[PDB]
Each structure stands twice: as C-alpha cells, then as structure tokens.
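> here's a sequence, model it:
(7 chains)
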Amino acid sequence: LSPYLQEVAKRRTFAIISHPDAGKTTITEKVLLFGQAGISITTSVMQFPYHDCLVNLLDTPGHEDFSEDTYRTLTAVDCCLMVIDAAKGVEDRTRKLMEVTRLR
Amino acid sequence: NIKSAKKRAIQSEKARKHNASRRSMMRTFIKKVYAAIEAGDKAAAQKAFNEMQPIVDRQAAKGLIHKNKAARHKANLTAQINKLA
Amino acid sequence: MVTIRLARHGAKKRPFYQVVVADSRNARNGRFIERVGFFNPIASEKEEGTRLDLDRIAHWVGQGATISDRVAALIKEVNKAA
Amino acid sequence: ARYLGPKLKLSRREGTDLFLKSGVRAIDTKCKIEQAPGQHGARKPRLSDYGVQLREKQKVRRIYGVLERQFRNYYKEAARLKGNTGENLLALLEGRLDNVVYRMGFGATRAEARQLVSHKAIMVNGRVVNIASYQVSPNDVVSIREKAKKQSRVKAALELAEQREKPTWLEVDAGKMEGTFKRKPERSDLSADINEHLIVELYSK
Amino acid sequence: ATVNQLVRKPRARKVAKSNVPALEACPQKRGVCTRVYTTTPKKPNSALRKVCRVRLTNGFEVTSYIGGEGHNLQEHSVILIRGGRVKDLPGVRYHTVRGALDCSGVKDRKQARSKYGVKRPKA
Amino acid sequence: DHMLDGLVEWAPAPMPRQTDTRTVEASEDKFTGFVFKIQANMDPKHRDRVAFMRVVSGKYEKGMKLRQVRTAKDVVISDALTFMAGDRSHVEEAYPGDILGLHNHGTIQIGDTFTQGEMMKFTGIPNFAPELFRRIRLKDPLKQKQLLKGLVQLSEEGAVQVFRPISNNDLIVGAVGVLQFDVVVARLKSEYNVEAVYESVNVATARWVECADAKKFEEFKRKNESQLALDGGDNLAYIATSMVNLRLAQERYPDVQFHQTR
RNA sequence: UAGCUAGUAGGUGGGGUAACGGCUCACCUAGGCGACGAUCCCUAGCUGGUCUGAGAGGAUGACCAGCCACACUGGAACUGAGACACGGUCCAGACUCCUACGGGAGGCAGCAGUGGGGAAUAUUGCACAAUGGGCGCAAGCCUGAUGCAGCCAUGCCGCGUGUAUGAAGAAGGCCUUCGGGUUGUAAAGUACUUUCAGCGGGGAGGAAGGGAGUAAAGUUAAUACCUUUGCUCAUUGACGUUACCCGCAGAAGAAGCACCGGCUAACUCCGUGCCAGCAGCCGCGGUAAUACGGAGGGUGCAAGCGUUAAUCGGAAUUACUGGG
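Residues are numbered from 1 along each chain as shown, chains lettered A, B, ... in the order given. Structure data below:
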C-alpha cells in the first residue's frame, strides 16, 4: 500500500475525439470551470487542479485533412471520449475514428 | 530583483534611521556650541564643549566618525573657545 | 590579503602552474606582485621538474602571506632535510 | 599533401633524374628523357631568370618531396641560423627522417621510405616516429622494430644500397637494419648538382 | 627642406580615398537590384553590357555589372554585390556574385567555376 | 457536470504499452516518454518545438538524466514544463501518468524512444505519406532566412515536410492534408513575415523517401544529377513527377536499409 | 574655430572630505588661459602590445594582461575599510506583463538562446575532478570564472588519400605533314604494406589533498582535548566509448581549386565573330583568338584554392634619415 502506486491509480487519460463542428473547445473550456482552473488549429493539454484524481486532457484538430495528430496520440491515451451531434450523426469521421480505436 | 540576499537591504534600512539619528543628535550638540559662539559666553561655551566632547568621542569610537573628523571638530572648536576666552 | 597561490597557465590539456604572490581580490591570471618558482604537474622524471626559491617565500611568510594547500604541499616537497 | 601521381613525368619536366623512379631496376630510358616533358615539349623556351629560379626550386622540392608552405617554413628556419642560409637549408632538408631512411637503403624510392616511416616501422632512439618531417638530431640511431623487420620489402631494396654512393655522414649495419646517424653533411658532399643560390634568390624577393 | 616650416606645420600624409564606398570596409553588400538594362561601354569596347542599378540596403545607390552569360533578373531578385571596378563603364565599380542569392549560376560552365558560382559536374 | 463522476468511477489504471520485447507496466522504472508531436508552436521569443511524453511509468526527478535511445546519448534534462490550465507553468515534477513539455532545438523527431538503458523501440508512428501541393516562390524577396530556418523548424513535424530542390528556388511545402492555410496563417508570426500566395503547380505523388546502403547510391546520385532534391532532415527521396519515374526507380534496383521517416 | 572665463584667477575667515584642495559659503582685488593652438566642432577607451617595414616610420590595439568608464536613460542618498553600486534602494521617463484593475513585476553591454540588423560569427551541454574566489576551526556548500565537451577548414601545423614492378609503349580523348606524337608507368596485371577512419581489448597522466585508525614530539596537573610529522586502510575524474599500445579485415573510406599574351609559372584545336564575353594595368575579340566559351595538355597551391574588403612595403609618389 505504497502511495506511489496509489497515485499511479489517480492518473487517468481522456483526450477527446469527435466530428467537425461538434464542440471539443466548449466542453474543454467548461471542464476548466469544473476544477477551479476556420476552426480548431491547435493542440492543448490540461493536467488539472481537480479534487479526487488528476485526469489529463489532450486536444486535437478534428477534420479529415487535419487529425494526423490523433492517429498517434490515441495511442497515447488509454480511454476515449466520443462527441456525436444528432444533426451530423454517425459519419465517415466517426467511422475512421472507430477504425482507429478498434485496433487497441 | 528576486534574491535570497535582500536581507542586507532592509537591515540597512534598520541602519539609516538609528545610527544617522545618533549622527543627528551629535551634530545638534555641535550646533549648540555654535550658539555659544553666537552668544559670547565663554563659560557656557566651555560647558557646551564639555557636554559635546564625550558623545563625539563615543561616536568616533563606534565607527560612524573616522576619529579625524571629530578631531578636527575638537581642534577648531577648542581654537574658537580659547580665542573667545 | 596577500597569498601565495597557483595561476594555472599552459595549453589545453597541458597544465603548467605558476606559484606566485598576489592579492586575493585579483584574478587567477590577473595582477601579481612578483613571481617565484613554478610547478609542472605533468612533469615526469627528467632534468627538471620543479623550481622553488624558498628565500622570497620566507620573506613573504615574514610579511603575512597566507599559504594555500598546494603551495604548502610543494613546501613539504622541497624539504629542508631531504 | 603527397603528390601520388606521375613521378617519372617530373624527371622529364626538369630534365635531370630526380630519383623518384630509382627502384630495383637501373636507369630506364623508357620515357624518352630530355626530349619530351609533355605534349609540346619539342619547343625551346625563353627560359628567363624567374624561370630558372622556379625550375630549380621545383626541382629541389620534387627531389625532397616537400610542399611549398613547408619549404617556406624550412627557409624561415634556415634564415635565422648561423653560417649561411644555403648550406643550412639543405642541411634541414637532409635532416628529414624519410630522407635518412632513403639514404640508409631502407626502401627503393623516397615515397617507399615515407610509407615505411608512416606505417609505424621506423624507430629512432627506441621511440617510433610516424611523421616523415622528423628533424633528426645528431648522434641518433635509427632501426626497424621486430614486428615489421624484413618482410622482404626492406631486403631487395637494400641491394640498391649496394649500388649507391653510400655517403660518409651515416652508417648502416646491414645485418640487423640498425642505422647510425652522425655529424651534419657538408655542402660539397650532397649530390654535387643542385643550386641553393636560385632558391635564395626566389625566397629573397 | 626648410625644417622650421616642418616644425610649424607637420608633414601630412595624403589620405587616398577608397575605390569602393562600401560603408567602413566590408567585402560584400546586398541590395534591392532594380533597373536591369544593357549599356554601351566607354571608348575602346563597343559591346552591350548588362548592368543593374542596385539600391543597397544601407541607402547607397550603386550600379553593378552583371557578368556571365544569361540571367533571370526582372526588377527584383535580391542578390549579393562585390567590389572591384570594371574599367568598362563610367560609374560602374562593382560586380555581381553568382552562386549567391536569387540569381542562379551560369548554365553549362566547366572551367573557372569558383567564379560565376558553377558547381562541379556531378555526372 | 455529471461527466466527472463517470471519469472517476469508470476509467481504469493506465494500461501497459507494447514494446519490441513485451508490455511495460505502470509500476516499473526507466521512463518511457517518447515524443508524439512536435506541434506548430506559438512563438513568443523562442520555439522549443514541444515534447509531449508517455511518462506513465516512473515518478519524475528534478535532476534526472534521460537517455536518447536512437542516438544512444546520455542527455541531462532538468527543465520540464507542466501544462497547468493551459499555461506553460514553472519547473515542476509530478506523479507518473502525466504528459510534459520540454525544450528541443532540432534534435528529437517523432517517436524517439527513451529509457534508462532498455535499448528497445515501441510499435508507434502511424503517420502517412503526403500529397504534394504547390511551392514557395518568395513574394517580397527580402530576407529569405526566416523561411530557410522557420519552415525547416516546421519540416520536422508530421504535417509539414519541406522539400528543397537543387535549383535553390521553388521549394515545395509538404502537406498530407489539403488545407495549407495553416502554414499561410503561421507565416504571420514574430519570426515569419513572407506571404507566398498560392497558385496551381503540378508535382504529383508524395516523394517516396529512400536512402540506400553505401558504395551503391553514389552512381545513383551521379547518373541523374538534375533529378535530386534535398528533404527536411537532409534526405533525398528520388523526385516524384509521375508513376512511370517511380517504376523506373524500382527498375533501377536501389537495395536499401529502409526507414520510412513518415 | 581667435578670443575664452564671473566660482572665473588669487588671498582671508567659516564649513566639509579617511586627506591638501573655490570641494563648498561671507568679504577684498582683477586677475587666469592663449598663436610653443586658449574656447568650439568631429572622431576615439588608453597602454603593454599586433601587422608590415633593414632601420626610421605607418595603420591597429580583436584575443592575453594593467588602468578607466558603464550596467534600459538620468539624478540622488544609506551600509561599510572600500559602491555615490551588473544580478542593492528610491524617484522621474520609455517599452512589455499580470490584475480581483485598488496596485505591482522586469531590466542578458553574464553564460546559453531568440527577434531585428548585417556578407559575417556557436550549445538554452558536463562538473567543482584541479586552480582560484566567498563562508565555516574543519568536514562540507556555491562558483555559466574555470577545467572541459559540441559546432565552424576561421588561422597555423602535421599526416593520409598507396608503394615497388609493370609496354602491346593496350582502349578512349586531343593534335597532325595523318609518318606519328601526347595523355602515359598513367591505367589494367603482379607482389607487399596499412599512417589516419571502422571494430574488438588493455591503458597512464592531469591527483595534490581530505576521512578513519596507530605511534612519536609539543601543550598542560594530565598518558584526556588540540597543533605538527611519519606510518596502516578505504578512497576522491566532467573530460573518458581519453592520450598511448596490441589484434581483425581489406588499397580497401578519403583531391580538389586557380591560371596558361606580357607583368608572372605554362601550348594547341573547335564554336562563334568589337557579338557572346574576359580583365588587377597594358589591354583582346571586325570569320585562321597562345586572351571569350568548350576539349586536350601543362603550370602553381594543396584540404585547401580563387575573388572581394582593410594595413604596410615596393612608394625616396609627403623626402627627419630620404625631393624640389
């Protein structure tokens, strides 16, 4: 029961992947509120000042011409957050992202 | 600038009143003897010189005065008080 | 404060020390009063390895020069009975 | 640094035998000496003063294998010595280690002696020397180490040493390949043909 | 003679000006290099010398001779300017460096290729 | 607001990742933080280019000395940025399972592995082959050096790989996507001032990168000396104008110790 | 640039500085500098020294070292023996940053590194192993000075890129009076060798000190403590996969640049044709170019070679040596 592994267990990974025009930026900006801390050309990492654990984020530009960042940084992240709109639905972006995530 | 050795700043602040205040009271005693030079009373001049001599020698002892300024004060002030008397 | 100390002259990977009398506020290769003797640490057994004039060193001891550890070791190398 | 090219074309270029093709064989006459230095070698040049100075300098240099900056350094070293500059310059040229190895007969030509010095075989005073420009001090002994001694290349080339003049200022043992260096050579002993005065003229201006 | 006048006024050495006003002794300069045109030379030449009026980056308006055979200049293509008079044009005392900036080297040259920026033939 | 409880309750410990030997768990040592992106950085006065890492295994040290495996060098790195609320915070150590940011100057590419002596490699780099869009033709041709340096700074990235032909003009911007407006907007920075407005110039298929073994690619350089092109990172692919030229290149048989660099 | 100066010049007295001192105030006189350049403008850190020159001289003073001055700009004070202060204080100004907008933070002409400038100049590296500096009795701590490591042929120096033999005087190129010559012992072939790179093993020196223990002599009442000297043990290296030595393999991985009319070293052919062009000066090219371009050959220098920029000599063409 060493605290080293007990806070290894308190470190988790969710990046974010979605469709174009889905809302990555707004939800990351609002998770910045929840810990008292063209379109989409950057990648941003948020560690956190969160209470229970310290779960990291890792943004990525979501397009087909973009997002060759996330082909090698979905390998970095254990988990996966999907964001799907109802007007957009399940499209070829989501099928390519599931082709990525089924391999691991 | 951010420095661990900023203690010598505020401690010198702790200097720049106190020692200087002593210098202050020192020179006022000296100026008191000049009042006797403007008074013409040789007995009051001798009393003021005997009042200012041990405190200016003590200030020459504590490193504030370099024992040649106060020697010059004693010299020319003794010359004035025995030229008047 | 005057002192007797080494000066570290020579070439790159070729040290050649200068035991010299100098003030402590001066640099290593800086201003000095006078030089007395020398030392070569890479001097293998040959015709000359270390010259050291003890008369001027005793004169500076008679004035108050602080001897460093390497200079005191060279004094213990140049021994009076050896 | 080294020339490594037509070593026999230079002997036709200067006209005299530069001993670059000395070898086991004798005087060749296989290149039409003195009458064809090159394509237009049938022409007779005007051959002025600076011309004969430059030809004499390049003749002595391609005899001794010394480059121009290095030979200018030898002239600067010989200019500050005593006596006269002309004898001192040829003494410094003879004081090269590869020239001593050449005079001992340890190799047919001069480039073979330079290769024998360079490949850790030539050893003077128990210390192996790789640089062929080693200034040979008087009263030294030169030899070949036991791991590189007599792999036949010194052997037959030593027979050429039986045909040379075998000069006075150095002695070879010829039983264990241990040479012995001696006093500096006199001007009236080394090859009797080259002119130092034109070199003094060229490096004086 | 008359050494007392030399005591009064000291002997003054003539200060000869530089042949290239290159702003405190620099080897090369870089300019805007406009106005590419051909110029009839001075008296014993009769050629069509390609020249360019180079607005330098320090404010000086020099005119440098374009050497070589063929170039790609049109009112632009910033290049490097080196010193040295041409003895061919009154007013031109500079040359253009090939193998330098936007003007490429001379096509299909073999000899004297340190000048004119031509590389070694790789084939 | 209800997502946070699910993030706490559902997500497990960070899983081991595959190496060439086996999976390295999150309880071991020999920090496995290789570099993922070299991202298109915002530049206040310096670049540092980025270093995102996989330090899941091993708790940090302030004076730790990393080991570059692919160049096999003991590199002392004491400066490590933590991404606290987006701002690049002070020099801070942390608990394992975090992602850093370091200060590299043209040394570390994508996927360069790190251990303390385990000289093995991971199974990453899913990066693709580009689609060659147009050019650089240097409008306002003063001060070429901002693109001769700062786009080579972008040439190490996975999106941009700058191709230099021999003729010293017409430098090709590598893009794997279509939208090159990213680099055009990135040309308006503190060390980026040249515009280079686009047009249509046809260079076809991706420039397949290949660097053959010694004594054999010298004649391959010599026989078509007008048909070579320097790459980002001093490479020479062949030159790609058509599929027929690549068929002739395959007919030429360049036997190679092949590394994709993509 | 021919007049400059009014705390200006001197003296007396008071004050002030570690100290003489118009350093500073009260009074008196009209002095003081200057054609052997006073006041004004521009430029410039100074020197030992560097380069060149037989010498006298000329430019320079970048690196090593001494002094002075400066720390975004200006002004001012405290601490102390020493600052009117790079990483100390305050105020005034300018430029950035944060703010909850009440107010604060900053000064790389330090080592690194970035923007801009420019033709032009480096790594956000290791360690106190050695010296030196600071503090501590000492052990120990800091040291971007330093000892190094990485890059740049920037300068100097050295080595190698093979050597010996080898004529059918081979093939190809160039010239020709088409006889032949040149490239050319050059290349091919044969026999040896491997400097330096690649790899595998030993391996100094920069290392003196410091720590523990023991013995002896001082000290003291003291065989206890402390100083010093022998003596026993464990040791202290970033460079460092060190210099250097041995072994493996195979000539195997390693040669370019300028010039060829004279100055000044070296000759022809072909293509244009006062055009393309070269050029440091005289200078060539007008259909037989030793000058342009290409080829062959040669010359010179060599990991450097040419060009450009600056200084001196030649230039006794700034003549004091040494002119009219």
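> return the residues of the stretch 101-250 of chain F in contact with RNA strand G.
Within the stretch 101-250 of chain F, the positions near RNA strand G by Cβ under 7 Å from any atom of the strand are F:103, F:105, F:107, F:142-143, F:145-146, F:149-150, F:190-191, F:193, F:214-215. For the C-beta atoms, the positions are set from N, CA and C on the backbone; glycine is no exception.
> just the buried residues out of those residues, in ChimeraX syntax.
The ChimeraX command for the buried members of those (criterion: 16 or more other Cβ atoms under 10 Å in any protein chain shown) is given here:
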select /F:146,150
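> which of the residues of the stretch 101-250 of chain F next to RNA strand G fall in helices?
F:145-146, F:149-150 (DSSP state H).
> one step back: and the residues of the stretch 101-250 of chain F next to RNA strand G, which two are furthest apart?
The largest separation in these, counting by Cβ to Cβ, is between F:190 and F:215 at 46.2 Å.
> do the longest helix seen in chain B and RNA strand G meet at all?
Longest helix in chain B by number of residues (criterion: DSSP H): helix B:7-37. Yes - using Cβ under 7 Å from any atom of the strand, we find that helix B:7-37 touches RNA strand G at B:8-9, B:12, B:15-16, B:19-20, B:27, B:30.
> ok, now stretch D:5-21?
Yes - counting by Cβ under 7 Å from any atom of the strand, contacts between stretch D:5-21 and RNA strand G involve D:5-10, D:12-13, D:20-21.
> of the residues of helix B:7-37 next to RNA strand G, closest to chain F?
residue B:9 (25.3 Å; Cβ to the nearest Cβ).
> return the distance of the closest one relative to chain A.
35 Å (Cβ to the nearest Cβ, to the nearest Å).
> got the residues of chain C near RNA strand G?
Checking chain C against RNA strand G by Cβ under 7 Å from any atom of the strand, the hits are C:1, C:3, C:5-8, C:12-13, C:15, C:17, C:24-31, C:41-42, C:68-71, C:73, C:76.
> how about a cut-off of 6 Å?
C:3, C:5-6, C:8, C:12-13, C:15, C:24, C:27-31, C:41-42, C:68-70, C:73, C:76 (Cβ under 6 Å from any atom of the strand).
> neighbour-wise, which of the residues of helix B:7-37 next to RNA strand G leads?
residue B:30 (17 neighbours; other Cβ atoms under 10 Å in any protein chain shown).
> was I right about that one contacting residue B:55?
No - in this structure, residue B:30 is not within contact of residue B:55 by Cβ atoms under 8 Å, at 9.7 Å.
> how about residue E:95, secondary structure?
strand (DSSP: H, G, I helix; E, B strand; the rest coil).
> need the helices for the stretch 51-200 of chain F, in chain order.
In the stretch 51-200 of chain F, the helices defined using DSSP state H, counting those that start in this stretch lie at F:145-155, F:181-186.
> meant to ask about chain D, not that
Using DSSP H, helices in chain D cover D:9-14, D:49-64, D:68-79, D:85-94, D:97-104, D:110-118, D:155-160, D:196-204.
> quick one: which of the ones you listed is nearest residue F:248?
Per Cβ to Cβ, nearest to residue F:248 of the helices of chain D: helix D:9-14, 44.0 Å.
> just the buried residues of that closest one, please?
D:10-14.
> tell me who's in contact with the residue most central in space within chain C.
Nearest to the mean C-alpha position of chain C, counting by Cα atoms, centre = their mean, stands residue C:19 at 1.9 Å. Residues in contact with residue C:19 (Cβ atoms under 8 Å, 6 or more residues apart in numbering or on different chains) are C:4-7, C:35-39, C:52, C:71, C:74.
> using CSV, write down the CA coordinates of stretch B:53-65.
Output of stretch B:53-65 as CSV, limited to C-alpha atoms (Å, rounded to 0.1, in the frame of the first residue of the first chain):
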residue,chain,number,x,y,z
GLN,B,53,33.2,66.0,23.9
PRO,B,54,32.4,62.5,25.4
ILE,B,55,29.5,61.9,23.0
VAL,B,56,31.5,62.9,19.9
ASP,B,57,34.4,60.7,21.1
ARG,B,58,31.9,57.8,21.6
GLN,B,59,30.6,58.4,18.0
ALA,B,60,34.2,58.4,16.9
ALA,B,61,34.6,55.1,18.7
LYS,B,62,31.6,53.3,17.2
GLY,B,63,32.8,53.5,13.6
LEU,B,64,30.5,56.3,12.4
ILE,B,65,33.2,59.0,12.7
